[PDB]
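Notes follow once the structure below has been shown.
Each chain gets a letter, A, B, C, D and E, in the order it is written, and its residues are counted from 1.
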Amino acid sequence: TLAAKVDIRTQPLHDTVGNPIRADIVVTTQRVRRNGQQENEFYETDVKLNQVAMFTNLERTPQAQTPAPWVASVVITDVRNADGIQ
Amino acid sequence: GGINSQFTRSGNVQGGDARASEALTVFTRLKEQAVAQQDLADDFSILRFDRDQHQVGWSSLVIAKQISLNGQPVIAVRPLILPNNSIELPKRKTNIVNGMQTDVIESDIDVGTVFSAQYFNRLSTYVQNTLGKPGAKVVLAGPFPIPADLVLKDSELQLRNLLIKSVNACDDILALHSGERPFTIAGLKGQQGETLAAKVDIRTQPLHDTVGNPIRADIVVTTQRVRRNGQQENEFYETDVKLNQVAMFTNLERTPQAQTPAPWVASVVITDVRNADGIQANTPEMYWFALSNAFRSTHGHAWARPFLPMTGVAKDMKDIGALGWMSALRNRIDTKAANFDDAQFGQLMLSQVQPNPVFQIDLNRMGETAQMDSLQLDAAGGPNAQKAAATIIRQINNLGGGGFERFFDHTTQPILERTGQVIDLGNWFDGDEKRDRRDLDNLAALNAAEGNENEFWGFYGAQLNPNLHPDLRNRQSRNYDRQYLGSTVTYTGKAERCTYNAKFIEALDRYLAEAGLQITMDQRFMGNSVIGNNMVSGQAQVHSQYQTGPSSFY
Amino acid sequence: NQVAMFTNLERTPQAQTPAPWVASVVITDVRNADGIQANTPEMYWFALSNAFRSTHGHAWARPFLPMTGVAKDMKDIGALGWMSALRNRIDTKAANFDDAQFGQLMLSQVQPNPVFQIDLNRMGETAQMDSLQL
Amino acid sequence: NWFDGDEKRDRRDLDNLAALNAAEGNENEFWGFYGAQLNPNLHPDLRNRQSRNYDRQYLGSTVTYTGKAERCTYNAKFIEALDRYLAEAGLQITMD
Amino acid sequence: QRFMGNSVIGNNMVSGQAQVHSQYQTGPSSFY
């Protein structure tokens, strides 16, 4: 089965040339192949496919002063595949 | 997986471990250099245990030396784990329940859990297949991981010392399996009119491991040979007169009594036990002889010496005045004052500290003395409880003649006790130099949190609460260290704390003392401490209704 | 079987680490089940043996804890603080007060072990055993 | 037995804690009440008189005496010996 | 003479408690 794991980060991600990229929320997709008597304890075979880096930002609607004043907008910065996949 | 084989784009990316080949090359060059300088002998081999083609958590380096005993080959191995920071092992998930809600806890995996029975079985099979002997017997000599965040390009001396020590350990285990003369104190007389002296020492800078790992050490007890004759020659020159060294530090524990006995009890923790640098041999009977020096620290209450304030500086991390926060007066006792001195320091220690200490040891299954720490952990409790105790008793009997039964009875007396406490091993870089993570103790936490008792009590419960799950305790301990110490903490391993039996230490000391071992070494009135021994118990002897009713029984 | 018990506090004569007060448990009534119509001497000791079992989890101190909602003020345990180090009484029936420091109070002012006593009566239902014990 | 406002109750409800609650801060009166119970020097009739006066003072006017009883203390070792003998004799009782 | 308390109740005290029915991971060892 395919499982998706969410993650919250505080250190920025890095590009292939060392360029930092802001990333607060990281969503990944993995392959879970846990059978009954699974062998290879503590050893994993590259079970990971995708990775998306996201961070949220707040925008204020122009209403003078029940709806909330602020609206949360999520910005997608980087989309990439697994390192193993060429 | 199959995706790469399904598209097959030209070029290769990743798929390799680069912290094993370089280490192997470095070790081969170091071995060649050592052999060239007539430091070792070309009789051992160095092999690589790749994780990729063996499917294991961590790659390792193994140093195998083989001999022949009665026609049966014997191989001794000293694996060296090689953790890498470029890859992440999958974490371990645990579930706990609180009321109507269930949550998932993500733990972390240490080096110790990687080295399991299956790992050693695969390593032994690989070594047997590589060396050409399928049925050869394989005996472990003690694993020793190489810590991460260590640059191998400029650490040649530590690696060289580690290799020589590994060869020495392999020789030691091979000699023990072959069978040699046990080390006894009867051969330490020297028949030359010398005596053994023990010197106590108080330190402030941490001790260092063979790979630069800091170790906290406040009290150091050593044993030396004093050979000062009449017209002694060689002035200012000394010939390696030193045998043992034990590093100790004290910690305070509070008994649960509501508010004449002192509120706090002092517990002494033994961190490192080692022999002299000159001595290249390590045998089981030397370990107990070195450990016997720990009890000698109570000759003049030397365990309380580090507690007294130093003049001129105040790090405010080990201040003893914080002990007064929970005393009868809410505020703290103010040291660093003109009036304060040793005159009432003794009064404070008498009125708030128990006179007798407690002895504890921080056993580590992955340290330098792993082969004895594992044995003591097994003797503490488990399926192998009788065998370990019998082996320990046999070793103690072998050291110093025999007849240990007159002082101890292992049949109906526990040797070591497990307190159910797990201690992290790490280092935090102070402003001046790298220090040890174990510097944070009960007194340090009390100093950090001036008056808020609830936070300190939460921290104290985060260590030894039996009701709370161990993973939560580890999480709280890792959060508190970050809160207090700093952002430079780097964990390296795990350790367990155990408490020795009170009678066992005294019996061992008395047995060694009676076995011909003689060790020599080194104010305002307060009242009469001897008048209370003589007290009359009795009282002077001088000559100077119950209505009933009918009973069916009689 | 069924045994009815209630605890009472006695004060040892010590002038001012041992707790000032000692708890004494008084056994009032010992009886068998309603269905059983037989009364023999060997059942009395079997029933009385149940009295010692009340100390399995310090169950003798359970009635002392305050009840929520009502306060008859006749069995209040806060009066024990009148002769304590502080002159005033400890104020129960408060938001902060709970079992967290109730155990602390019992440890610091009540002896851990109880005392067993019996109120023998030569004219009660079990007169033939009360007279023998007297 | 003394008739409470709601229903008839038992006279033994008045104990050391009840007397301490009734007398808030006057320690001397409570000490006199405590001595009225187990003073060996004072005669038993005076102790009964004081105990009958204190009950009237605290409980109420509905007290109605019915009999007499005596208090005794079991031996500490006897209870433990009896419990151990019954336990070793094949009796197994389980609870929380 | 004024009463001060019961000096004999403390001699009789129950010492015991009511008697009712109601990990350890290891590693390789060279010794055994």
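Throughout what follows, a contact is a pair of C-beta atoms (placed from the backbone, for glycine too) under 8 Å apart; a residue touches a chain by one contact, two chains touch by 3 or more.
Set side by side, B-E and B-C show the greater C-beta contact count at B-E. Inter-chain centre distance (chain C to chain D, centres taken as mean C-alpha positions): 11 Å.
Here the spacing of chain D and chain E, counted between their Cα centres, is 29 Å.
Chain centres here are Cα averages; for chain A and chain C they lie 63 Å apart. If each chain is reduced to the centroid of its CA atoms, chain A and chain E end up 56 Å from each other.
Across the assembly, chain A contributes no residue that touches 2 or more other chains.
All chain pairs in contact, by the document's touch criterion: A-B, B-C, B-E, C-D, C-E, D-E. Contact residues on chain E toward chain D in their complex (touch as defined above): 1-3, 6, 9, 11-16, 18-22.
Listing the residues of chain C that touch chain E in their complex gives 10-14, 22, 24, 52-56, 111, 113-116. Residues 257-261, 549, 551-553 of chain B are the ones touching chain C in the complex.
On chain D, the positions that touch chain E within their shared complex are 31, 34-35, 38-39, 41, 73-76, 79-80, 83-84, 87, 92-96.
Against chain A, in their complex, chain B makes its touches with residues 1, 3-4, 7, 9, 11-15, 51, 55-57, 89-90, 109, 113-114, 116, 118.
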